[PDB]
Structures are given as structure tokens and as C-alpha cells.
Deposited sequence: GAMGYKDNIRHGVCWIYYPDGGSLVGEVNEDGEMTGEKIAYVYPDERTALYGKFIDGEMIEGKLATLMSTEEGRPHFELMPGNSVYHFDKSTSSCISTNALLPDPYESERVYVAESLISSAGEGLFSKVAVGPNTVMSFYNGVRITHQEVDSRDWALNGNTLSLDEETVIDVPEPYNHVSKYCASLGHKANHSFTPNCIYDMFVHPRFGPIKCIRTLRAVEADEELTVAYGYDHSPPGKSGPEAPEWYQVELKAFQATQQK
């Protein structure tokens, strides 16, 4: 009975035959990443991934995709974080992100680790996902900056955080977006992303072509006239940036 594709604004999609009630429910449903090639294929209920196995979208006939399964028993499920649990599988990487970025020492002095591109990509490419626990703006804005190194606003109601000890990739590597450092001249942006495992989160997307082994940076976008409400290191850099202008 034919096949539906639902594209999110970020370029990922859900694809499959819908059931009698018109739900994306079945054994042969897939989520396809924004490369229109990497896919998680298997059992979904009402568009929610129950058992998605890593696959490649090879071709499409009369609108109907063909998937070849990748080796391994890489399987994924919808596993939205809570305020305390960042993931059921903190050490299981996202397979699309794995092929595109890695973590290494930042090239920015005294900035710890940073996120780097594995491959040359063009503009508008989703590179990495910023998943974390979900907490409130009230909580975040009421606590010390020391606790807010990794907080990223998701929307008016929710802030995503990667709190200790999940700021170390030895404890958490299911996503890596929290490892991109700040620049006032960035090559990437944060953008909304609907992820079949993490749910509604943000991703890191290039705004220009990037080379292999280039460090990926984003503007953190703190309020410069709430001086700035920002960590001291950012305040130093903001002064330098305005000076160059």
C-alpha cells in the first residue's frame, strides 16, 4: 500500500508504509539521516524507533527504498534523555556522527578538547549531535557558571546539559556536539534536529565547506548586554573580537 516519506526541516526523514490508521508502524520502517544514505531500519511504532539496525539506503523504486544492512549488530532505539539519565547506552556512538567528526586537543589555547572533521564536507552539512540531559532555564540561570560549561538552550522550556562525568568521552560518546569550542568567527552553527534515538535536540551544521582535520567551532551566543552574562574566558575573547572590528 505505497510508501510515505516525512522529511524534517533538518533533512532527515522517516520512510515506510503506513498502517490502516495511517501510522508509521511496522517492521520495515526507517529513519534516514540528512546524507540521504545512512539509515536505521526496522521496527517502529507510530514513528518511534523500537529496533533500528544500521543500513545504507541503496536505491529507490516507485518511491520505495531499498536498504542494505551494514555488518555488525548495531541496533538503536528511541531513548530520550531525562533530567538525570543522558542515555541508556552512553558509550554507543551515533553511526552518522562517527563517520564525520572526532575529538582531539583543541587548537585554541587553554580550551581543552575540541571537535574536528574527519572528512572534507560542503556547506550546510550536519556533522554532530548535541544530546544531553534536559533541565529548566530557571535551574540553569540560578546556578553558578561553574556548572554551566555545557548548557545549550533547546527552546523556551528546556536546556540541554552534559554534566560531569559525561563531559569525558570515556564516560559518554553517544554524541559529541558538546565538544565543539566557541569562536566569534565560526565555521558551524547550532541548529534544531529531530533525532530518532535522542529525540528533539540540536546539531552542529557547517555554514561553509570544511577540510578534513579542521576544528569545528560555533558561536555560543551568550547575552552581551543582559557587561555580558558569560564565563570569564568568553568575556576576554569578546573584548578581543570587538577590538579587531
| property | result |
| --- | --- |
| Stretches with no C-alpha position, numbering per deposited sequence from 1 | 1-10, 237-240, 260-261 |
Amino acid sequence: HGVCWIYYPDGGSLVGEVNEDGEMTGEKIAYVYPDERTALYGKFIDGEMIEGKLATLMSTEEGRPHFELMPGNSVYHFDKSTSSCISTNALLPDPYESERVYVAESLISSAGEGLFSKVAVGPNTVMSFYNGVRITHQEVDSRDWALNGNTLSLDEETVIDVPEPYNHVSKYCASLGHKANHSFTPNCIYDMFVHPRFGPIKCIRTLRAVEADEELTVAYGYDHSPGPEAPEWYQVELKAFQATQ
From here on, numbers count along this sequence of modelled residues.
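Heads up, when I say rigid core I mean the largest set of C-alphas that superpose within 1.5 Å between the two forms.
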query	finding
Rigid core superposition result in 7 other deposited structures of this protein, more deviant of 154-162, 137-145 by Cα	137-145
Core-fitted comparison in 7 other deposited structures of this protein, 58-66 vs 178-186, farther C-alphas	58-66
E229 left out of the model in a third or more of other PDB entries	yes
Segment of higher mean CA temperature factor, 48-56 or 66-74	66-74
Stretch with the higher entry mean CA B-factor, where the candidates are 107-115 and 83-91	107-115
Criterion, highest CA B-factor; candidates, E164, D161, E99, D144	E164
Among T136, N131, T151, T125 - the residue whose C-alpha B-factor is largest in the record	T136
Chain third (lowest, middle, highest) by recorded CA B-factor, residue given as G199	lowest
Chain-wide C-alpha B factor ranking for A243, given as lowest, middle or highest third	highest
Third of the chain, ranked by Cα B-factor, where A209 sits	middle
Relative C-alpha B-factor of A174, binned into the chain's lowest, middle or highest third	lowest
Entry-reported Cα temperature factor of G16, expressed as the chain third it lands in	middle
